[PDB]
């Protein structure tokens, strides 16, 4: 157990730019609203702002259509923990893993952290495979709520 989550001051350009959701994971007992599931929103880009907030560019599975959604996750009083009001969730964080080569984007609802927690594995290309899915599972085990990764699906509408 040679690795643990800490907060670190990170070079903005390790976070900024284009990203692709290559895998998703949910808490063992997951109770998501359905009308706006975090599982239907695919990250396309990130951008830390000059004020310390985080912009997230998403594409969501919206009815059988694909819409663009821009979230401004706001700084809170604990560093690296952001406030949103979207996708059934109200808390968001980035988890930089496997020596800064694997970014996780995770969302939670403080009313029921154990039922609402979803994480997405982000990458600079849409390329997946077992090993990357295995690297995602390794990072998820350092999390408090037990988590399960969703089955790989090669094509997903609205996922760039």
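Numbering follows the first chain given and starts at 1.
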Next item on the list: Name the higher of the two by mean Cα B-factor in the PDB entry, 17-25 versus 143-151.
Entry: 143-151
Notebook entry, point to check: As stated in the PDB record, which stretch has the larger average Cα B-factor, 122-130 or 61-69?
Noted result: 61-69
Notebook entry, point to check: Of 56, 117, 31, 103, which one's C-alpha B factor is largest in the deposited record?
Noted result: 31
Next item on the list: Consider only the C-alpha atoms of the modelled residues in this chain, order them by B-factor as the entry records it, and name the third containing residue 52: lowest, middle or highest.
Entry: middle
Notebook entry, point to check: So where's residue 6 on the chain's Cα temperature factor ranking, which third?
Noted result: middle
Note to self: Test of reading the entry: by CA B factor among the chain's modelled residues, which third contains residue 99?
What the structure shows: highest
